[PDB]
Every structure is written in structure tokens, then in C-alpha cells.
């Protein structure tokens, strides 16, 4: 009923996420419940780098009790949030999980409420989000635990560490997290996305990091779909095909097969990722994939992405 919502990198800040959803007319929440939400979000016992590296709650003898009381009240607030706009599209440019914010549980519950009440949203694949994907996809492999040791070496994921510790303390269940992963999170994931104006032969391409047409061509090759750039409409059709193949990988629990960990170390380090098999790593890290192509004579394009 207005322009698409495009959110910057949230860094797992659930209150920032809430604020945008309220200010953009997606959700209604009372002022008193908003204040309760902000209070829970900034509880000293949940803040890392406050009295130690760890949030105080995780060194407390009664950590389970503390976390249970926070969790039940948090979920009571979620249950009082109403989605009031199901037509406005919400695009998350990424970093909604596994990042500097307090705990991934908070944004996971928000995503679940958005989905359950019919909001339209999409999540652009990021290096942070990919660690959550891998942890969930390899849950059984890792002995029924959410872990991602090698990916955790290249980025700070306080909010995911807090999730792991809360699960270890018995306050949050693997089954709840995994249900949200499979039922909510993974089917709203896109590698790249777009807004298309067919009459103007113009397209806006959205991605977590800086890419060009060369990345999209590499992705079409990686997923074995035809690449066409004969028009803005044709490029949109190509992007649809790329995301359809990606969703099949999401469904089979095989997103983690689209990269190797050496690609992610070199991605973090800032290197070129020019080999065809590295194109997913090159896209999420915004690294060189051959010559960067940002103009076509056959249509107008603007690229929209986050920064670092």
C-alpha cells in the first residue's frame, strides 16, 4: 500500500527489527508492550561485553530459571503483536541472525509471527545467516546439536552463541528452533531478489553484498538454469529460476553443499572468488567473480545491497 520495505543489516537487533515493523505499518503493538519489549531486549543480564565477555545470565547458577522467565514473557509479547499489513513486501538485506544482537531466539519468534499472520517478507542470503542454515542442516550430523565451528571462526555471532547457551541450559529447545528454521526461515530465503518495472524495462536487483550481472550469470551456471539478459523481464525470469533451484536445496537440507569452508575463509579475507564453484561464496561475500558487470545495453538496472 506504499513502497517496498527494504531493511538494512539488522545485526540481529530484534528491537530495531520491531521498530521498523511498527514505523512501516506492518505490525501493531501497544506502547506499553513495546516498552516491555525494549526492556527485555536491554536487560543487563542479557548484554555481552557488560561485566564479562559473556552476558551475566550464562554465568549465573540459576541461568535456566532466568532464561525461562525471559522467554515466557517474550513469547507473551509476541502473542500480542498483530500484523496489520499483509500486502507490503518486506525485504531483509540480511544479518538478521548470528550477529552482534542479544539472542537469535528474539528475531526467530518475530519471523514466525510474521509468517503465521500472513506478512510478505524475504530474506537475502548472507554470511551470517548461512551459519544458522548450516547449523540447522547439519543438526543430526553433529549429534543433535546446533554448531558451526568453522563458520564461527570468520564472524562474530553473539546472538547465535547466546542461542546455543540457552539451549544448553535447557531453557530453549532444539525442536522449536529447528521447526522455525524449516517451517519459516528457509522457505523465505533468496540468494538475490528484484523489483521489476516491465513497462520501463528497468529492474532493481537486491542482494546482501555488492554483485554484478557476472555473479547472476555464475549463479545460473551453478544451478544449471538458462541465463538470459535480453531485457529486464528476462533477467527477472533468470533470477526466479536461480531462486527456484535454491529453494530445492533449502528443501533437501543441502544449502551447505553450495560452498566449502575454504571459500568462506578466503571470502572473509577479502580475496577473489573467481572459480565457478565459488559463485555462491562470491555472492554472499560480495567478492570478485571475474570482471564486475553493472550495465547492460538491453535494460536499465540498479543494484541495492548492504555494506560489510
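Positions refer to the first chain, counted from 1.
S.K.: Which is higher on mean Cα B factor in this entry, 204-212 or 79-87?
M.R.: The deposited B-factors put 79-87 ahead on the C-alpha mean.
S.K.: Quick check: 230-238 versus 102-110, which has the larger average CA B-factor in the record?
M.R.: Taking the mean B-factor of the alpha carbons in each, 230-238 is higher.
S.K.: With respect to the C-alpha temperature factors reported in the PDB entry, which of 132, 194, 223, 74 ranks highest?
M.R.: It is 223.
S.K.: Out of 17, 285, 289, 299, whose C-alpha atom has the biggest B factor in the entry?
M.R.: Highest C-alpha B-factor among the listed options: 285.
S.K.: What third of the chain, by the recorded C-alpha B-factor, contains residue 96?
M.R.: Its C-alpha B-factor belongs to the lowest third of this chain's values.
S.K.: How does the C-alpha B factor of residue 249 compare with the rest of the chain: lowest, middle or highest third?
M.R.: It belongs to the middle third of the chain when residues are ordered by C-alpha B-factor.
S.K.: Among the modelled residues of this chain, does the Cα B factor of residue 137 put it in the lowest, middle or highest third?
M.R.: Lowest third - that is where residue 137 ends up once the chain's C-alpha B-factors are sorted.
S.K.: In terms of the CA temperature factor given in the entry, to which third of its chain does residue 174 belong: lowest, middle or highest?
M.R.: Middle third - that is where residue 174 ends up once the chain's C-alpha B-factors are sorted.
S.K.: Could you look up the Cα B-factor of residue 52 in the entry and say which third of the chain it sits in: lowest, middle or highest?
M.R.: Ranked within chain, residue 52 CA B lands in the highest tercile.
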